[PDB]
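Colleague: Sharing a structure below in structure tokens format, with a few things to ask.
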Amino acid sequence: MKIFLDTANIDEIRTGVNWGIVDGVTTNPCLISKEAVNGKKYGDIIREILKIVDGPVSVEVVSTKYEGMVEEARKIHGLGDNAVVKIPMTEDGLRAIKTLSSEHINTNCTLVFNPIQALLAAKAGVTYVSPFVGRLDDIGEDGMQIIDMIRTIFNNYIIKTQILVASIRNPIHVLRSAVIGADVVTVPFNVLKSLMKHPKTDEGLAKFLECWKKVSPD
Amino acid sequence: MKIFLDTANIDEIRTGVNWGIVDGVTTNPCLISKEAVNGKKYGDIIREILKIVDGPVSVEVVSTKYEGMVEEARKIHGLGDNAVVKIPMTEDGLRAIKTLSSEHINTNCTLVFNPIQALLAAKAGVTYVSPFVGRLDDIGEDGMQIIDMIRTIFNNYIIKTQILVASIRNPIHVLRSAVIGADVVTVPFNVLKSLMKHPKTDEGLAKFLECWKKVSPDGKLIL
Amino acid sequence: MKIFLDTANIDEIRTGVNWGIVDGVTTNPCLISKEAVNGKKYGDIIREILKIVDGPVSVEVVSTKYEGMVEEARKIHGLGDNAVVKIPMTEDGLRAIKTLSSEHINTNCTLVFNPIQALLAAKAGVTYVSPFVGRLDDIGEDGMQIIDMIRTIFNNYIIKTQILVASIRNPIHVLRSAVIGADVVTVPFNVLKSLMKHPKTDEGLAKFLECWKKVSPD
Amino acid sequence: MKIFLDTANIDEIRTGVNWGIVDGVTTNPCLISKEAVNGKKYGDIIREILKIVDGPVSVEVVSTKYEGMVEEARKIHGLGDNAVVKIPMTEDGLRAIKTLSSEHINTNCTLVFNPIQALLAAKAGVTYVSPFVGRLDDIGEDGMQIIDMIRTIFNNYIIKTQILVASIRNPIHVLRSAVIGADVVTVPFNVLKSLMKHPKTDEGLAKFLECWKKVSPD
Amino acid sequence: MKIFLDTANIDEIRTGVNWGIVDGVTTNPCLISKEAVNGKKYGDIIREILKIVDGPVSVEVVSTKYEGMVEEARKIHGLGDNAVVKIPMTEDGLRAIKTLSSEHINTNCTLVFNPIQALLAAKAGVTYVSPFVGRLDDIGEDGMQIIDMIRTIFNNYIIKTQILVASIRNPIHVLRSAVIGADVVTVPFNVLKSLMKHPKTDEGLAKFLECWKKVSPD
Amino acid sequence: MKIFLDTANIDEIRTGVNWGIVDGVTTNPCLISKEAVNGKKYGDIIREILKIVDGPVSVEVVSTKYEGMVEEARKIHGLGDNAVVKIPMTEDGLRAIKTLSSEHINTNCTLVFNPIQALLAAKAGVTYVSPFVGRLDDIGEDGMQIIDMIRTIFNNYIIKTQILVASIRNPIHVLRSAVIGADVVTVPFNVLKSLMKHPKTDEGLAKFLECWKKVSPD
Amino acid sequence: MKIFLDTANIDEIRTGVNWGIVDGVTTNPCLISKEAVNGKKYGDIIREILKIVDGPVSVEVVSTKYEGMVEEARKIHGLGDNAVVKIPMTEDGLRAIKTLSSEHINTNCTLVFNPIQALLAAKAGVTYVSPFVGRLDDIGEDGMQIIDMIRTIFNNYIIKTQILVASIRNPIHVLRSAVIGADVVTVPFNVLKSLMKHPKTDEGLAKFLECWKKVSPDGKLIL
Amino acid sequence: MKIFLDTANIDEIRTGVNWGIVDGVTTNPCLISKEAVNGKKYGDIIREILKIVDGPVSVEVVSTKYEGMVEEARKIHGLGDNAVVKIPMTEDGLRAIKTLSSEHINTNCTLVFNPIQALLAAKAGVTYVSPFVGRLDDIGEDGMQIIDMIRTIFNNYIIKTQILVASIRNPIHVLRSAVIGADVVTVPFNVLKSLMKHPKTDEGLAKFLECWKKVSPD
Ligand SMILES: *[C@@H](CO)[C@@H](O)[C@H](O)[C@H](O)COP(=O)(O)O
Ligand SMILES: *[C@@H](CO)[C@@H](O)[C@H](O)[C@H](O)COP(=O)(O)O
Ligand SMILES: *[C@@H](CO)[C@@H](O)[C@H](O)[C@H](O)COP(=O)(O)O
Ligand SMILES: *[C@@H](CO)[C@@H](O)[C@H](O)[C@H](O)COP(=O)(O)O
Ligand SMILES: *[C@@H](CO)[C@@H](O)[C@H](O)[C@H](O)COP(=O)(O)O
Ligand SMILES: *[C@@H](CO)[C@@H](O)[C@H](O)[C@H](O)COP(=O)(O)O
Ligand SMILES: *[C@@H](CO)[C@@H](O)[C@H](O)[C@H](O)COP(=O)(O)O
Ligand SMILES: *[C@@H](CO)[C@@H](O)[C@H](O)[C@H](O)COP(=O)(O)O
């Protein structure tokens, strides 16, 4: 399972890349605008991320119409071979995904909330589909059940689109995604750092070091 | 399923190897410090186990920092080709696993208590991952459930890291590991010995002896 | 299922009580210390909550020894008949719960992380037991499975201790708690506020407004 | 399981009432506005339905604020003892439901789309809660699953609010509601009439007729 | 589980009655037209079955309109208190059932092919509902699955209508009906006779006899 | 679960009764004829068993016709109040069971090989029904599955006939019968004596006695 | 579910009773002989436990014959009303249970390894039956499965004999017993102590202490 | 699935081999001692079986020490290429199996009672492993569950050791072994003889004979 970082914060990205467990990054207009303060410009933020991250970096178009989306997507593609163009699940978005797929521009269909939406994005040729589990949780539906159905559907038809679990809120979204077999999770930094930790690990380290000090003063 | 002995006791290790049922050994600093009493050096204990065991022998680093771990790991690797470097599930541990993996030094990520820790260790390229079932049992969760989920996750992604069930306390840990499909169990010597035994085996053996005396007073098979 | 509010924030409590959907309140030392800032004393915060809320209000002892816990518990009990004494799952805490229960002082055993701890709390006579699901989620274990087991154990022995699901982080903790049959959930305010909402509720109201305006322009 | 008709069409109600299979009626602002054309007035439609239906008749308030909802509810109540006041799942609606319940005015909480909304409606004392299965179907989630969860939740807490499955589109919604154990279904007239029919019933009737003509030509 | 005989043949009924395993009889226009030949009139056939059979005997109306069904049902009723009036699942049939139920005339709704039809008949007050499992098998649907759903539905609502499995073709319809818990099965004579038989029963009697000859040649 | 002894051997019966775990005895013509050798007569064998056993003793009739079976059954009844008359699953046997049931003579229907046969015996009023699990095993059908279905069927209709598992061959027939909830098992002597035994019991006894000898020389 | 302490150590027993979490005690001849060292008589150990424990205390007979068992059982019964006579699953044991049952002496059938043994003990009228889960674990079968079947069998027949899970080795035996619905578990002291503990409890306690020092330097609750 | 005959009785072996349904033979010291009576020597019995049976013939060592087992095994191997050396699951037995396997002498590990013992035997390189189901049944544990677990374990690791189900007592052991997928069953002669038979086979043949006699009196 690939693990991406769901942030535009340079420091978090830099920190997680230095850990060796971050395989890419996803952004969206709100994540970027959070960092585009104190004079920093959205374009610098994106270019800086594309540089630090050797894996896929997803960058969302802001136009809502087919022609604007394809033009922004070509501009995004031109920023680096690892850029992935994030495109909403809309009629124009599906059209743009199909056109960009033929141009060999990698794409990520976002704002997906049910399995048939995910299937339509895959049929348009999208590289990744991003169902938003946390926002389903917010409205009282277990979001992970949609991941499970998408995994079954994609397996049924040998679909090559990667399931990219997004809107992740806690380490159990991550656990369940791996158990289901989703291809990718993207996680906020606070979640990423928790995934390595467990109280019994720390307890165990402490006890092992005490045994070592019985045989080695240094 | 491979079966490793989880001890640093040399008499136990020779005895188990002699049965032909031990495929390797795991140690940790507490297991080693138990045997390093009355003049026995830790380094001699490690070197002796490496000598008598043909299979993998896991030896744990004691540094907690990335640099100390990789330096110590290269030294452990240098002691014999069957040495496997045991490294804890920490941020520095994962970085060390990735570096050592690329240097073709076999690694065993230890102190793992949930399936996502295990997956992270796999992603860093570790040779073996060791979830501690008995210590999960101690805190009131069925540790074998974590083995089951790890096996499913590894199957999903065709992960080559071997699942090495550790902190084994009883033969049902072993039975459930085999049914799940864990690659390896590491067991204390007391557990190892019990795996061979069953009261009906003893009983059947005595009955076959009694039957054979009816046909051969000296109990031999003359063919 | 009763729904408690898991905060010491007086404004949040007043709002949720005014919504009519809050059956009680849980606090803990960290929640209280968050509010006891810039002159506001912790004793005033506790008393104000007890006054506002008609339902049970859980207030945690701070001593770690049997004698200290019981003494603090009686002071807590004396603040109001709706006070419930929150006591940690420890050896002294069990002894304290047994004494307070024999004194007909309602108790709430907290910091519970597995079903056997919850059972021990029930055997000491505790009124409520509070397993922490979100903290279990944090360490890579699905906390709700512990609630499911506790419900089964409690059903097996006709246990009268109420299961109070705590450390709740999202509305699916709440949903799964109701499907399991937990007696109480205690929820932070941002979770509480989301429980009434659904985008199809908002949409349906807007469509109903359009139809009514056709037969009544006023 | 009670079966209500989901229409404001007086001919459909008369027809289905004359069948003896209709236990009540649900309306909503859009259903009424469809029939309030060519001089027909919403007040007369409502009064005529109340007159013809012995059982419960659900009439929805149009105000969105607590005080207007309660005042409308009392006027709806005054129109007949069989009237049930339909109130949306909103903060103000929950407040209205609680006030009307205490006044022994029967209520029906509408625009419910998940099981926790339904529980909050029951906790306010609502007589009926109406989850909208077809509108869930429309957005790619199997709406009957929410009915199943509500049934389990209500059973767990011995909740007396009746489950009134609404937004019904086909006879399988009806069948699944009956197998789950929902208290009430409300159905459009075209669904209602199909519930009695089956090709093998028609075929069997013709066969028995032919056999009867061999013994009695007349 | 009660067991009825599904035939109008007098010698079959008399034979099954002599065995003590027949609790009632069902007929229909075709079963009656098969025996009403060579000078035998349908009126004598019905009266003669009523006389032999102590328990319920179902006799079908031939009218297809409400008034005729109701008038015919009264004539059937007057023939004997064990007579049960069989009425088809139609609009007029439900109306007739409800009228006859208010007149304390036992009824049996026939030509039922799905569970919701069965529920409608129960709602009209019918004493027995008869789903046709064999005719569903004929069209490629496992008819026993309809019995299972009807059992669940009736259990859910504590429905007093008895499930009468009809159109039985083999002993496994009987086995499955009893495992499900259907109230009654009605069986053709060739099925009824087979129910008592098993080749290991025959073989066991032979062996027991052989042993008895050794100890007692008499 | 009651445990009966399936034998006519006086010594086995005497031995098992002296153990306190034998609640009754079942016989059949072959079991009796095995003991009716060296001059011993079948009548003495039966009378001797009726004397040693305070629980039900089943004694099979040898006639195959209704009138002979009832006359033999009345003779068997006259031998003692604990006698149970065993009667094969046949048309005449069912008739005899119904007649004897009215006379308050306890009966046991034997040679039952499927669940519908068991149901028919229960409908005739039989006290016990004896399905033969071992003889189904012999012909390649798991006999315990028939016990399971009979238990479900009898539970469904609150049937008071006791399920008496017969043709028992091993302790797993016994285990599965108890897990299913059969009322009675009847077991051959070699099976009965094995039920108390386990190697770990003997191993445990030996180890406990060695500890006792460390604190007590005697 | 009741929780008994499976020991004859008086310090353990007083300590557990003091927690208020021990509802009774089980002993056996090996547990008692462990404490009858350096002058301590077995009879004084039994009498002391009977004195300090308010709940049931199971004390095992040492005779293997029916007559010896009932005589010894009447003496055990006479030592206090909370004494429960522990009797092995044997032919003589079942006869002894039936006699003692009719004399209103509470009994605990021990050394049970399968569900039908348990049912036979119930049929003889025993108060408690003690299946040994840990010793089934030792021979490679999941002993908790036997508890589950016994619970089902007892439920089927409304049997009043209490299921007393014994030979408990870890907290998962306890957890699974509670989920199954066993009436009683008897546990060694080490297991008992672990049941109260969890690392997240410790961690949460330390964090609540730290929060409270921000509002009260002396860490007290002044109300 | 191969079917072996579990006996040393030469007449039974000749008969089963003549039936063409016997793929091999297993023996053990008790089975051989049963036949080696009244002058017949055990060495002649073994040699005669090896001659008659074309398939594998399992012959158990009698020594309990490694050196003795290996020496006896080579003498066994030398009697015929179809000899298989049966070795008990003991510490020395595992060592012996490992040595013999490296010498390409086929082995059969016996007295296996749980799945881990079977796994240990496979790891020593044994050709066949023989779990004893009937002896497990004897002690109140369903022996077939051990076969099910061994199959799963062996499948997990692609183990080439054949599962040879032994201590078989009835045809349902055989049926369940085939459904599980065990490689071999070894059966006593009275079990083997029953596997071909079924009362409906006999009945069907008799009916077919009657029909043929109508078109052909000869
Ligand atoms: C792009 C698609 O993978 C991501 O940046 C998504 O927008 C976020 O994962 C959405 O998460 P929130 O629901 O927390 O905004
Ligand atoms: C190394 C990991 O393979 C092993 O030595 C583990 O440290 C032990 O298995 C841990 O067991 P304990 O919980 O008994 O220390
Ligand atoms: C008291 C117990 O009901 C509560 O205040 C709990 O301490 C909190 O629910 C714990 O939540 P966090 O894990 O978010 O502190
Ligand atoms: C009232 C609630 O019982 C009903 O009139 C509902 O508004 C309708 O059932 C909703 O149906 P549509 O989704 O077809 O509007
Ligand atoms: C009346 C309903 O109980 C019955 O006589 C049914 O008409 C028959 O059972 C139908 O059987 P066929 O499908 O074989 O006509
Ligand atoms: C009477 C009915 O319970 C019993 O004696 C049965 O005849 C035997 O249990 C039959 O067993 P076999 O199949 O072994 O004869
Ligand atoms: C009596 C039965 O309740 C107990 O003392 C049992 O003997 C022990 O629980 C057995 O445990 P071990 O297997 O550890 O001896
Ligand atoms: C050799 C192993 O395949 C066989 O002869 C076994 O020993 C027997 O199958 C064991 O059967 P019993 O339990 O009936 O002795």
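Quick note on naming: the chains in the structure tokens go A, B, ... in the order shown, residues restart at 1 in each chain, and ligands are numbered from 1 in order of appearance.
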Go through the chains and note each residue within 10 Å of ligand 3, using only C-alpha atoms and all ligand atoms, then give the set as a PyMOL selection string.
Modeller: (chain C and resi 4-8+25-32+57-60+86-88+108-112+128-138+163-169+184-188) or (chain G and resi 204+207-208)
Colleague: If you run DSSP on the backbone here, which positions in range 37-159 of chain A get alpha helix (DSSP H)? Please write them as a ChimeraX atom specification.
Modeller: /A:42-52,66-77,91-102,115-123,133-138,144-156
Colleague: Identify every residue of chain D that has at least one atom within 9 Å of any atom of chain A, counting only C-alpha atoms, and report the result as a PyMOL selection string.
Modeller: chain D and resi 113-117+139-141
Colleague: Using only C-alpha atoms, find which residues of chain B lie within 10 Å of chain C and jot them down as a PyMOL selection string.
Modeller: chain B and resi 113-117+139-141+146
Colleague: Would you mind listing what lies within 12 Å of residue 6 in chain G as an MDAnalysis selection string, with only C-alpha atoms counted and same-chain residues fewer than 2 positions away left out?
Modeller: chainID G and resid 3:4 8:10 12:13 16 22:32 49 56:59 130 164:169 184:192
Colleague: Using only C-alpha atoms, which residues sit within 10 Å of residue 193 in chain D once same-chain residues fewer than 5 positions away are excluded, as a PyMOL selection string?
Modeller: (chain D and resi 15-16+19+21+171+187-188) or (chain E and resi 91)
Colleague: Near chain B, which residues of chain G fall within 8 Å when you count only C-alpha atoms, and what do they look like as number ranges by chain?
Modeller: G: 137-142, 170-172, 175, 194-195, 197-199
Colleague: Keeping only N, CA, C and O atoms, write the selected residues to a file as a PDB file, in the first residue's frame.
Modeller:
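See part31.pdb below for the written result:
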```pdb
ATOM      1  N   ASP G 137      -4.633 -26.258  25.998  1.00  0.00           N
ATOM      2  CA  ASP G 137      -3.679 -25.487  25.211  1.00  0.00           C
ATOM      3  C   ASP G 137      -2.349 -26.227  25.095  1.00  0.00           C
ATOM      4  O   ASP G 137      -1.762 -26.298  24.006  1.00  0.00           O
ATOM      5  N   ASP G 138      -1.881 -26.823  26.210  1.00  0.00           N
ATOM      6  CA  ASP G 138      -0.572 -27.474  26.206  1.00  0.00           C
ATOM      7  C   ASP G 138      -0.510 -28.619  25.202  1.00  0.00           C
ATOM      8  O   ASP G 138       0.561 -28.911  24.649  1.00  0.00           O
ATOM      9  N   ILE G 139      -1.610 -29.335  25.011  1.00  0.00           N
ATOM     10  CA  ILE G 139      -1.616 -30.471  24.113  1.00  0.00           C
ATOM     11  C   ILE G 139      -2.141 -30.091  22.724  1.00  0.00           C
ATOM     12  O   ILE G 139      -2.487 -30.965  21.933  1.00  0.00           O
ATOM     13  N   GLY G 140      -2.180 -28.797  22.409  1.00  0.00           N
ATOM     14  CA  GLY G 140      -2.411 -28.378  21.030  1.00  0.00           C
ATOM     15  C   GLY G 140      -3.857 -28.267  20.617  1.00  0.00           C
ATOM     16  O   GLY G 140      -4.139 -28.244  19.405  1.00  0.00           O
ATOM     17  N   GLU G 141      -4.784 -28.212  21.568  1.00  0.00           N
ATOM     18  CA  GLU G 141      -6.167 -27.880  21.251  1.00  0.00           C
ATOM     19  C   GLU G 141      -6.589 -26.623  22.004  1.00  0.00           C
ATOM     20  O   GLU G 141      -6.218 -26.428  23.173  1.00  0.00           O
ATOM     21  N   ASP G 142      -7.366 -25.765  21.332  1.00  0.00           N
ATOM     22  CA  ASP G 142      -7.775 -24.489  21.927  1.00  0.00           C
ATOM     23  C   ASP G 142      -8.756 -24.776  23.061  1.00  0.00           C
ATOM     24  O   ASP G 142      -9.936 -25.040  22.827  1.00  0.00           O
ATOM     25  N   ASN G 170      -3.500 -16.824  30.978  1.00  0.00           N
ATOM     26  CA  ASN G 170      -3.262 -15.505  30.407  1.00  0.00           C
ATOM     27  C   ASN G 170      -4.572 -14.733  30.424  1.00  0.00           C
ATOM     28  O   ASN G 170      -5.635 -15.311  30.686  1.00  0.00           O
ATOM     29  N   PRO G 171      -4.536 -13.415  30.166  1.00  0.00           N
ATOM     30  CA  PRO G 171      -5.770 -12.628  30.239  1.00  0.00           C
ATOM     31  C   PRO G 171      -6.745 -12.894  29.116  1.00  0.00           C
ATOM     32  O   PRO G 171      -7.900 -12.459  29.229  1.00  0.00           O
ATOM     33  N   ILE G 172      -6.328 -13.561  28.044  1.00  0.00           N
ATOM     34  CA  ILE G 172      -7.271 -13.857  26.957  1.00  0.00           C
ATOM     35  C   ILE G 172      -8.165 -15.031  27.315  1.00  0.00           C
ATOM     36  O   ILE G 172      -9.346 -15.056  26.934  1.00  0.00           O
ATOM     37  N   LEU G 175     -10.731 -13.023  29.119  1.00  0.00           N
ATOM     38  CA  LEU G 175     -11.576 -12.262  28.196  1.00  0.00           C
ATOM     39  C   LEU G 175     -12.542 -13.173  27.452  1.00  0.00           C
ATOM     40  O   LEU G 175     -13.739 -12.866  27.326  1.00  0.00           O
ATOM     41  N   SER G 194      -2.573  -8.564  36.331  1.00  0.00           N
ATOM     42  CA  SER G 194      -2.468  -7.988  34.996  1.00  0.00           C
ATOM     43  C   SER G 194      -3.822  -7.485  34.493  1.00  0.00           C
ATOM     44  O   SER G 194      -3.874  -6.543  33.700  1.00  0.00           O
ATOM     45  N   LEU G 195      -4.916  -8.092  34.958  1.00  0.00           N
ATOM     46  CA  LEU G 195      -6.250  -7.744  34.465  1.00  0.00           C
ATOM     47  C   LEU G 195      -6.580  -6.274  34.709  1.00  0.00           C
ATOM     48  O   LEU G 195      -7.354  -5.674  33.955  1.00  0.00           O
ATOM     49  N   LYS G 197      -4.520  -3.714  34.491  1.00  0.00           N
ATOM     50  CA  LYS G 197      -3.508  -2.813  33.957  1.00  0.00           C
ATOM     51  C   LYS G 197      -3.652  -2.650  32.449  1.00  0.00           C
ATOM     52  O   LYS G 197      -4.023  -3.587  31.737  1.00  0.00           O
ATOM     53  N   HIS G 198      -3.282  -1.460  31.966  1.00  0.00           N
ATOM     54  CA  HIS G 198      -3.174  -1.220  30.535  1.00  0.00           C
ATOM     55  C   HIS G 198      -2.255  -0.034  30.333  1.00  0.00           C
ATOM     56  O   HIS G 198      -2.361   0.933  31.091  1.00  0.00           O
ATOM     57  N   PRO G 199      -1.372  -0.048  29.330  1.00  0.00           N
ATOM     58  CA  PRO G 199      -0.438   1.081  29.176  1.00  0.00           C
ATOM     59  C   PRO G 199      -1.128   2.409  28.927  1.00  0.00           C
ATOM     60  O   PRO G 199      -0.610   3.454  29.354  1.00  0.00           O
TER      61      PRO G 199
END
```
Colleague: Quick one: everything within 9 Å of residue 123 in chain E, counting only C-alpha atoms, minus sequence neighbours fewer than 6 positions away in the same chain. Send it as JSON, numbers by chain.
Modeller: {"D": [1, 2, 21], "E": [94, 98, 159, 161]}
Colleague: What is the distance, in Å and to one decimal place, between CA of residue 50 in chain F and CA of residue 37 in chain F?
Modeller: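 If I compute the distance from CA of residue 50 in chain F to CA of residue 37 in chain F, I get 19.2 Å.
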Colleague: Between A:170, A:216, A:201, A:82, which one has atoms that come closest to ligand 2, using only C-alpha atoms and all ligand atoms?
Modeller: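 Answer, going by the shortest atom-to-atom distance: A:201.
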Colleague: For CA of residue 120 in chain E and CA of residue 195 in chain D, quote the distance in Å rounded to one decimal.
Modeller: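 Distance between the two atoms: 8.2 Å.
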Colleague: Let me make sure I understand: among H:45, H:191, H:96, H:126, which one has the smallest atom-to-atom distance to residue 84 in chain H if we use only C-alpha atoms?
Modeller: H:126
Colleague: So which residues touch residue 157 in chain D within 8 Å, counting only C-alpha atoms, skipping near sequence neighbours fewer than 3 positions away, as an MDAnalysis selection string?
Modeller: (chainID C and resid 1 181) or (chainID D and resid 153:154)
Colleague: I'd like the neighbourhood of residue 83 in chain E as a PyMOL selection string, where a residue qualifies if any of its atoms comes within 6 Å (using only C-alpha atoms), though same-chain residues fewer than 3 positions away should be ignored.
Modeller: chain E and resi 56-57+77+80
Colleague: Could you give me, as a count of residues only, each residue of range 36-156 of chain E that DSSP assigns to strand (DSSP E) when run on this structure's backbone?
Modeller: 20
Colleague: Kindly give the distance, in Å, that separates CA of residue 52 in chain E and CA of residue 71 in chain F, rounded to a single decimal.
Modeller: 27.7 Å
Colleague: Counting only C-alpha atoms and all ligand atoms, what are the residues of chain D within 10 Å of ligand 5, and for each of them which pair of atoms is the nearest and at what distance in Å, to one decimal? Sort the table by chain and rising number, as a tab-separated table.
Modeller:
```
residue	atom	partner	partner_atom_place_in_ligand_line	distance
D:204	CA	ligand 5	15 (O)	8.3
D:207	CA	ligand 5	15 (O)	9.5
D:208	CA	ligand 5	7 (O)	8.9
```
